[PDB]
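# Structure at a glance
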Amino acid sequence: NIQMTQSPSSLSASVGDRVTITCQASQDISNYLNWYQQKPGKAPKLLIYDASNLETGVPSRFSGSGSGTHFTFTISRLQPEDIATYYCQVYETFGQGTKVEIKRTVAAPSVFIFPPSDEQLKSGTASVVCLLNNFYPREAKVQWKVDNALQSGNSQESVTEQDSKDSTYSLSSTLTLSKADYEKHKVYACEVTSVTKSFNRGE
Amino acid sequence: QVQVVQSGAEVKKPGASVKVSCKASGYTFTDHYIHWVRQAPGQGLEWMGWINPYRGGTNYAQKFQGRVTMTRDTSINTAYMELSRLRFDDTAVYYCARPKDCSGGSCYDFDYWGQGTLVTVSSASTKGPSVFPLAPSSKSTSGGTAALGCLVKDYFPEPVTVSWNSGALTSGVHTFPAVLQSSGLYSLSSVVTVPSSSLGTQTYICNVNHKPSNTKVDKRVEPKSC
């Protein structure tokens, strides 16, 4: 029956400036629109109810306005912990969502490398982990060199969501090899673009 | 305090059914409706239906009509959402929520949400995780900062949660999202950066919880001597 049009789909803004999101209802819904904040891995949290009222406990920097068909959600000064996806909703219809992100200054990653544990080696498998810690922006290329030979198809990457405090990202690359293959080679290098972190298996 | 607590995540085979519980406390269970909203991975929120705990009346969205059943037991303040004939795309986090007080007859201001319940529609079986240390060493030390962690490998289904020192260690912690390996099992790493001068003095224990297999692992990560 009712269709919500949320805009923008995503935005990126600096700490302290004003974040603005709009929702348009297909029909007059009076002031019966709510706004939610969903942090990653979390349930949605009600922020604004009845389009204007601050839900109990919600910080005062969040506000909403509008009546009829046009509505607005605003964060007066964006905080580092406000990284989330925000939804508007009336009755049974949820808006498409707005992922707000923080623009911050460039930070180089801290690169660490972990050889496979002896405990895992007893199981017949080797996982070697390369860690990129607290970097911005999100773009990063990670590749594995085994005895200075390029690897492909045997590594998986995982990137955390933007940190709630320093607004940085972290990345992990996991090269998975059999126990026999791991003991068949010596030099294990992680190349991040460009810096290199490597170890020798026997050391 | 007003709390709404759901049952744990589980994996159900395609064509089977799942029933998620939703226990409310801290308020009169019959004074508020109980709604259900689901969220597929990386998608938006989808309203499923509501139930009135007083008399048991329900109202389902037509998408789930004939396939969903919402019941309640007032004697234990618990609502239930049963979804039958599970499809592969029924894989989602299922939430229950209650609305605020209102007098218009349609209260939809969801002020309290359950923690959610990840239902994975798959034929793969439940497997507990293996936890291995990510020991700090010279290769894990940059400047005056050292990195350590735990590797949680070969578990199914999601999720696993990781804490450090039973929650007392949160600063610098990064628990990466799980990756789906080619074997069909999940795997993730949880890491934390600490001063290198604390290695061998401070104790670092990772607490890995995998409720689907009812398995908890606490492992002390010890420094390497290289």
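For every chain, the first residue of the written sequence is numbered 1 and the count continues from 1 onward along that sequence, whatever numbering the entry uses; residues with no coordinates are hidden. The naming scheme follows written order: chains are lettered A onward, ligands numbered 1 onward. Calculation of side-chain values draws on the structure's entire complement of heavy atoms; hydrogens and water are dropped beforehand.

Regarding how it was determined, this PDB entry cites X-ray crystallography in its header, along with a resolution of 2.40 Å.

If you look chain B up in the PDB entry, it shows as 9C09 Fab heavy chain from Homo sapiens. The record lists its title as "Crystal structure of the VRC01-class antibody 9C09 derived from GT1.1 vaccination".

You'll find chain A entered in the PDB entry as 9C09 Fab light chain, with Homo sapiens given as the organism.

## Brief notes about the overall build of chain B
In plain terms, the rule: The numbering of helices and of strands both runs from the N terminus, where a helix is a DSSP run of H or I of at least 4 residues and a strand a run of E of at least 2. Summary of the burial criterion: residues with accessible area below 20% of their type's maximum are buried, those above 50% are exposed, and those between are partly exposed, where the area comes from a 1.4 Å probe applied to protein chains only. Throughout, a residue-residue contact means that at least one pair of heavy atoms, one from each residue, lies within 4.5 Å.
Across its full length, chain B holds 0 helices and 20 strands. Along the first, second and third principal axes, the C-alpha atoms of chain B reach 65 × 40 × 30 Å. Taken across its 226 residues, chain B has 47% of its residues classed as buried. Put simply, 59% of the contacts in chain B that link residues at least 6 apart link residues at least 24 apart.

## A look at the pattern of salt bridges
All names here are of chain A. Heads up, the rule is: The term salt bridge refers to a side-chain nitrogen of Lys or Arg lying within 4 Å of a carboxyl oxygen of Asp or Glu.
Applying the stated criterion to the full structure yields 16 salt bridges over all chains. The salt bridge partner of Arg61 is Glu81, with a shortest N-O separation of 3.6 Å. Separated by 20 residues along the polypeptide, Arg61 in the loop between strand 6 (53-54) and strand 7 (62-67) and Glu81 in the loop between strand 8 (70-75) and strand 9 (84-90) bring together distant segments of the chain. Looking at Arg61, the relative accessible area reads 19%, which means it is buried. For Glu81, a relative accessible area of 36% translates into the label partly exposed.

## Regarding the layout of surface pockets
Basically, it comes down to this: Cavities and pockets were defined on a 1 Å grid built over protein atoms only: a cavity is a set of grid points that admits a 1.4 Å probe from which the probe cannot escape, a pocket is an open set flanked by protein on both sides within 12 Å along at least five of seven lines, and lining residues are those with an atom within 4 Å of any such point. Grid points are joined across faces, edges and corners, and a volume is the space filled by probe spheres set on the points.
When its volume is computed, the second largest pocket comes out at roughly 540 Å³. If you go around the second largest pocket, you meet 25 residues; those closest to its centre are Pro115, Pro116 and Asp118 of chain A together with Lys224 and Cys226 of chain B. Broken down by secondary-structure element, the contributors of at least two residues to the lining of the second largest pocket are helix 1 (118-121), helix 2 (179-183) and strand 19 (195-200) of chain A together with strand 12 (130-134) of chain B. Per-element tally for the lining of the second largest pocket: the top contributor is helix 1 of chain A, with 3 residues.

## Digging into the pairing of strand 9 of chain A
Residues and elements named next belong to chain A. What counts here: Pairs of strands are assigned from DSSP output, requiring at least two bridges between the strands.
Among the 7 residues that make up strand 9, 7 are buried, leaving the element largely enclosed by the rest of the structure. Two elements, strand 4 (residues 34-38) and strand 9, share 5 bridges in a ladder whose sense is antiparallel. Bridge assignment links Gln37 to a residue of strand 9, and that residue is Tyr86. Sheet analysis places strand 9 next to strand 10 (residues 93-94), joined by 2 bridges and oriented antiparallel. Residue pairing across strands places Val90 opposite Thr93, the latter belonging to strand 10.

## Some points on the state of the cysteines
This is how the line gets drawn: Only a pair of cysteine sulfur atoms within 2.5 Å counts as a disulfide in this structure description.
Under the defined criterion, the tally for this structure stands at 5 disulfides over all chains. The side chain of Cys22 of chain B participates in a disulfide bridge whose partner is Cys96 of chain B; the two sulfur atoms lie 2.0 Å from each other. Between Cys22 of chain B and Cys96 of chain B the sulfur-sulfur dihedral comes to about 90°; the bridge is accordingly right-handed. Of this pair, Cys22 of chain B sits in strand 3 (residues 18-25) while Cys96 of chain B sits in strand 9 (residues 92-99), placing them 74 residues apart in sequence. A relative accessible area of 1% means that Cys96 of chain B is categorised as buried. The disulfide that involves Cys150 of chain B links it to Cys206 of chain B, with 2.0 Å between the sulfurs. As the torsion about the S-S bond is roughly -90°, the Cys150 of chain B-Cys206 of chain B disulfide counts as left-handed. Of this pair, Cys150 of chain B sits in strand 14 (residues 145-155) while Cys206 of chain B sits in strand 19 (residues 205-210), and the two are 56 residues apart along the sequence. As far as the burial class goes, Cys150 of chain B and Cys206 of chain B line up, both buried. For chain B, the bonded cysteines pair up as 1-2, 3-4, 5-6 when numbered in the order they occur along the sequence. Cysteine pairing for chain A, with bonded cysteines counted in sequence order: 1-2, 3-4. Summary of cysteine pairing: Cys226 of chain B is not part of a disulfide, and the nearest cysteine sulfur, belonging to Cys130 of chain A, is at 17 Å.

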